[PDB]
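In the form deposited in one PDB entry, a lone chain appears below as structure tokens.
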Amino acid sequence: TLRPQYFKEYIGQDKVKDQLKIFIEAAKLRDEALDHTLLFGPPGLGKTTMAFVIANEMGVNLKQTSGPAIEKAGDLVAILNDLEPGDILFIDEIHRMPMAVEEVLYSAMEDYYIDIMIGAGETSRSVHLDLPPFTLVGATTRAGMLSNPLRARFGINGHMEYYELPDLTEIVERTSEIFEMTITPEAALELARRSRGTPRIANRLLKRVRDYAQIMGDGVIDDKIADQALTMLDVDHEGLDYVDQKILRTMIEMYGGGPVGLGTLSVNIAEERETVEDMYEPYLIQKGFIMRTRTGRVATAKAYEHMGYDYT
């Protein structure tokens, strides 16, 4: 299966795995439920996958739902009534829950009870629902949307980080076995270097190369086929798109490397002001091709050697 099922199969995230192992083992010795845990970080790094792994290691059934599925307080109360001792409740995209519902978890997470209004309406009163011991697992792309009192209740925080080329190379190889395609070790590294450090991107590129190799090739992803397939997709050997190449080339040829303002640049490339700032520039800065400055952005020496121009 694509999604790893156990910590032995989960490559990378050493900092998170090393901690979770210690906390999971300790909880078993006491025969207690694991503390509430929040998984957060950039898109596609493996947050959802880790949530299922935690359940398999704990050895319990997983109850699954999502933030957008909980439309009103009555929905959450129904889900909580279905919990059994030791069950794990996983809520994906937890930031989408409405504030009127998020404030209901405040009591459930700390004291395992809920206040509910009951009665015929002629006579009605507030009563406590007592919940069995349970573990809430949450996953989100933007923890900043959660209210301060909710984040403070999670006992274990897991922050995901980008993968390095050695580990990302193994993910490409493992996926090749599942697809039953032979891949040369040199080609696995080529795909990894272009995957922007993200596992989801590495799988997408592999699927496209796989399709090409079996339609016009010998069914083997050799070093020669990968270069041809990657050229068709127009992915630079640094993962830059034609748009990314145009940006750097324009700064080097029309401005001598800058400084140049974002407005001035956006016009010369026929790109929308905010699209450049949010879709293309963030990766270029993190790789070190561009540097922001008080007077504008400048192309670094790395951009010169990559495009072949002479640095001055």
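We number the residues from 1 along the sequence you see. For the two forms, the rigid core is made up of the largest set of C-alpha atoms that agree within 1.5 Å on superposition.
Not pictured, yet referred to below: the form deposited in another entry.
With the core fitted between the shown form and the other one, just one of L45, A33, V260, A55 shows a Cα displacement of at least 2 Å, namely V260. The rigid-core alignment places the CA of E170 less than 2 Å apart between the shown form and the other one. After superposition on the rigid core, the Cα of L240 moves by 2 Å or more between the shown form and the other one. Superposition of the core reveals a Cα shift of 2 Å or more for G119 between the shown form and the other one. Relative to the shown form, the Cα atoms of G44 and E271 move together by 3 Å or more in the other entry.
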